[PDB]
file my_file_21.txt (compact mmCIF, C-alpha atoms and all ligand atoms)
# COMPACT_ATOMS: atom_id res chain seq x y z
CA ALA A 66 29.94 8.03 0.94
CA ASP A 67 26.45 9.57 1.37
CA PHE A 68 26.17 11.05 -2.17
CA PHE A 69 27.21 8.86 -5.09
CA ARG A 70 26.23 7.88 -8.65
CA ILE A 71 25.74 4.24 -9.74
CA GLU A 72 26.40 3.68 -13.43
CA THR A 73 25.53 0.26 -14.90
CA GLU A 74 25.90 -0.79 -18.55
CA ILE A 75 23.98 -3.50 -20.44
CA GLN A 76 26.89 -4.67 -22.63
CA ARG A 77 25.33 -7.46 -24.80
CA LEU A 78 22.79 -10.24 -25.19
CA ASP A 79 23.97 -13.70 -26.53
CA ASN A 80 21.12 -15.94 -27.76
CA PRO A 81 22.81 -18.12 -30.41
CA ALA A 82 19.83 -20.51 -30.66
CA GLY A 83 17.36 -17.57 -31.19
CA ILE A 84 15.06 -18.95 -28.38
CA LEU A 85 12.66 -17.64 -25.75
CA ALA A 86 12.74 -18.42 -22.03
CA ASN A 87 10.33 -21.39 -22.63
CA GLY A 88 13.04 -22.84 -24.99
CA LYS A 89 11.01 -22.33 -28.24
CA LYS A 90 12.39 -20.36 -31.22
CA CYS A 91 11.52 -16.65 -31.30
CA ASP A 92 8.49 -16.30 -33.71
CA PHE A 93 9.20 -20.07 -34.52
CA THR A 94 11.98 -18.75 -36.89
CA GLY A 95 14.86 -18.18 -34.48
CA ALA A 96 15.05 -14.60 -35.90
CA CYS A 97 14.60 -12.76 -32.55
CA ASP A 98 13.53 -9.03 -32.30
CA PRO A 99 14.72 -8.03 -28.82
CA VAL A 100 13.14 -5.20 -26.81
CA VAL A 101 15.10 -4.50 -23.62
CA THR A 102 13.53 -2.71 -20.64
CA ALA A 103 15.38 -2.24 -17.37
CA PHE A 104 15.26 -0.84 -13.82
CA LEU A 105 18.06 -0.23 -11.33
CA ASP A 106 16.63 -1.60 -8.07
CA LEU A 107 18.02 -0.01 -4.86
CA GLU A 108 14.95 -0.81 -2.65
CA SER A 109 14.49 -4.61 -3.16
CA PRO A 110 17.71 -5.86 -4.83
CA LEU A 111 17.70 -9.21 -2.90
CA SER A 112 13.97 -9.99 -3.60
CA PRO A 113 12.54 -12.12 -6.39
CA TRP A 114 12.32 -10.67 -9.93
CA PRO A 115 11.02 -8.08 -10.64
CA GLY A 116 11.84 -6.43 -7.19
CA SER A 117 10.26 -3.15 -5.78
CA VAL A 118 8.82 -1.77 -9.07
CA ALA A 119 6.84 -3.74 -11.75
CA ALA A 120 8.43 -4.20 -15.24
CA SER A 121 5.35 -2.38 -16.76
CA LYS A 122 6.90 0.89 -15.37
CA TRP A 123 10.44 0.28 -16.84
CA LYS A 124 11.85 2.38 -19.69
CA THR A 125 12.91 0.88 -23.03
CA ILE A 126 16.77 0.88 -23.26
CA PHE A 127 17.27 -0.93 -26.64
CA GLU A 128 15.36 -2.46 -29.62
CA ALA A 129 16.65 -4.41 -32.65
CA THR A 130 15.04 -6.38 -35.45
CA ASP A 131 16.55 -9.76 -36.52
CA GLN A 132 19.45 -9.66 -34.00
CA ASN A 133 19.85 -12.74 -31.70
CA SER A 134 23.14 -11.58 -30.05
CA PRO A 135 23.16 -7.77 -30.13
CA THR A 136 25.86 -5.49 -28.75
CA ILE A 137 23.82 -3.07 -26.51
CA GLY A 138 26.34 -0.79 -24.69
CA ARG A 139 23.51 1.26 -23.01
CA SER A 140 23.69 2.76 -19.46
CA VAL A 141 21.18 2.71 -16.56
CA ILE A 142 22.14 5.31 -13.96
CA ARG A 143 20.70 6.08 -10.51
CA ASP A 144 21.98 8.31 -7.65
CA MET A 145 22.11 7.28 -4.01
CA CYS A 146 21.50 10.54 -1.98
CA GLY A 147 21.70 11.16 1.79
CA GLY A 148 23.06 7.77 2.87
CA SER A 149 24.55 4.36 2.02
CA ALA A 150 23.41 1.36 -0.08
CA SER A 151 25.26 -2.00 -0.03
CA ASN A 152 23.92 -3.49 -3.27
CA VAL A 153 21.85 -2.71 -6.35
CA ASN A 154 20.14 -5.00 -8.86
CA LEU A 155 20.02 -4.05 -12.55
CA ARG A 156 16.74 -5.86 -13.48
CA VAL A 157 16.42 -6.46 -17.26
CA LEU A 158 13.45 -7.78 -19.24
CA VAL A 159 14.06 -8.87 -22.90
CA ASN A 160 10.90 -9.51 -25.00
CA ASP A 161 10.54 -10.24 -28.65
CA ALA A 162 8.79 -7.23 -30.35
CA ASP A 163 6.10 -9.57 -31.85
CA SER A 164 2.94 -10.42 -29.79
CA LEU A 165 4.45 -8.42 -26.89
CA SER A 166 1.67 -9.35 -24.38
CA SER A 167 1.44 -13.04 -25.45
CA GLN A 168 4.81 -14.53 -26.60
CA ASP A 169 7.01 -15.76 -23.69
CA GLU A 170 9.87 -13.33 -22.93
CA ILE A 171 13.40 -13.91 -24.22
CA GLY A 172 14.71 -13.44 -20.67
CA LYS A 173 14.31 -12.06 -17.13
CA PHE A 174 17.81 -11.11 -15.87
CA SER A 175 19.07 -9.92 -12.41
CA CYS A 176 22.56 -8.23 -12.57
CA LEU A 177 23.31 -7.92 -8.77
CA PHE A 178 26.26 -5.61 -7.98
CA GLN A 179 27.97 -4.92 -4.61
CA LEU A 180 28.57 -1.32 -3.42
CA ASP A 181 31.19 -1.84 -0.65
CA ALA A 182 33.31 1.24 0.28
CA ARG A 183 36.01 0.13 -2.23
CA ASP A 184 33.32 0.01 -5.00
CA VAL A 185 32.65 3.83 -4.72
CA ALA A 186 35.50 6.05 -6.14
CA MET A 187 36.16 9.55 -4.66
CA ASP A 188 35.23 11.01 -8.12
CA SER A 189 34.14 10.02 -11.66
CA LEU A 190 37.68 10.32 -13.16
CA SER A 191 39.15 7.76 -10.61
CA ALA A 192 36.12 5.36 -10.93
CA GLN A 193 37.11 1.98 -12.47
CA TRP A 194 34.48 0.00 -14.45
CA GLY A 195 34.05 -3.40 -12.78
CA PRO A 196 34.47 -6.47 -15.04
CA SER A 197 31.86 -7.78 -17.58
CA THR A 198 29.48 -9.86 -15.34
CA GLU A 199 27.00 -12.53 -16.48
CA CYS A 200 23.49 -11.67 -15.18
CA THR A 201 21.39 -14.41 -13.45
CA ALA A 202 18.41 -15.55 -15.53
CA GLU A 203 15.04 -17.02 -14.41
CA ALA A 204 15.46 -19.62 -17.26
CA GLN A 205 17.79 -20.93 -20.00
CA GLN A 206 20.86 -20.17 -17.83
CA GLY A 207 24.02 -20.22 -20.08
CA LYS A 208 21.91 -20.53 -23.35
CA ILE A 209 20.38 -17.00 -23.29
CA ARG A 210 22.99 -14.79 -21.60
CA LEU A 211 23.11 -11.07 -20.59
CA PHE A 212 26.41 -9.30 -19.69
CA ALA A 213 26.53 -6.07 -17.60
CA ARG A 214 29.11 -4.07 -15.57
CA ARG A 215 28.99 -1.24 -13.03
CA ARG A 216 30.95 1.66 -11.66
CA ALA A 217 30.18 4.05 -8.81
CA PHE A 218 31.65 7.40 -7.68
CA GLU A 219 30.97 10.24 -5.21
CA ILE A 220 29.30 13.40 -6.57
CA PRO A 221 28.51 16.70 -4.86
CA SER A 222 25.17 16.59 -2.94
CA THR A 223 23.82 19.41 -5.24
CA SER A 224 24.19 17.03 -8.30
CA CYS A 225 22.58 14.01 -6.49
CA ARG A 226 19.17 13.53 -8.28
ZN ZN B 301 26.87 9.52 6.50
ZN ZN B 302 26.91 -15.82 -29.31
ZN ZN B 303 30.44 -0.96 -23.28
ZN ZN B 304 9.76 -11.24 -33.45
ZN ZN B 305 8.17 -16.80 -19.14
call {"tool": "encode", "arguments": {"input": "my_file_21.txt", "output": "structure tokens"}}
result
Amino acid sequence: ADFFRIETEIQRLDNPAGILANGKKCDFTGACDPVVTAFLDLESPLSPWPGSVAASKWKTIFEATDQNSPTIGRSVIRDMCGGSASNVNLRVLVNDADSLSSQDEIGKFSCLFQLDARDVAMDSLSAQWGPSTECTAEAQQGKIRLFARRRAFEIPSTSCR
């Protein structure tokens, strides 16, 4: 397919200890205040975090106060127009809201998804969501966890943004 939509979903964050990537408690309370930014990387999906485009340019997808393990259920959508792509990386940064610039992040996650022919449905109604997939973290792997899933489907060229 040369014109298709990639839909990814940040399903949830699970941080039962209430800790940052350096292993210390959020705000030294363990009462984390997650701010989730994200970017769907089609140009450098196999490169080190953060890929093609710096996290400073990412849009905010979700905020909560005093939620260690929030349900998120928010989508990050990009179109591939005029040709093929074989993978895409949903890059996610989670900070605590407090001392944004200074406190270590909660996490740096890479949700790498394949886009083989079988992964791109002929249309949105026949698209199947892939399974809930644990994103790869720079630190605290299996202690601070992010879950995402993707679907993809052909769209008319005139709707390909
Ligand atoms: Zn072609
Ligand atoms: Zn949990
Ligand atoms: Zn969902
Ligand atoms: Zn905080
Ligand atoms: Zn760090």
call {"tool": "residues_near_ligand", "arguments": {"input": "my_file_21.txt", "ligand": "ligand ZN 303 (chain B)", "cutoff": "7 Å", "atoms": "only C-alpha atoms and all ligand atoms", "output": "list in words"}}
result
residues 74, 76 and 138 of chain A
call {"tool": "closest_residue", "arguments": {"input": "my_file_21.txt", "among": "A:118, A:209, A:100, A:94", "to": "ligand ZN 302 (chain B)", "atoms": "all atoms listed in the file"}}
result
A:209
call {"tool": "residues_around", "arguments": {"input": "my_file_21.txt", "residues": "residue 219 (chain A)", "least_positions_apart": "6", "cutoff": "6 Å", "atoms": "all atoms listed in the file", "output": "PyMOL selection string"}}
result
chain A and resi 68-69+187-188
call {"tool": "residues_near_ligand", "arguments": {"input": "my_file_21.txt", "ligand": "ligand ZN 304 (chain B)", "cutoff": "9 Å", "atoms": "all atoms listed in the file", "output": "JSON, numbers by chain"}}
result
{"A": [91, 92, 93, 94, 95, 96, 97, 98, 99, 130, 131, 160, 161, 162, 163, 164, 165]}
call {"tool": "closest_residue", "arguments": {"input": "my_file_21.txt", "among": "A:124, A:179, A:218, A:103", "to": "residue 193 (chain A)", "atoms": "only C-alpha atoms"}}
result
A:218
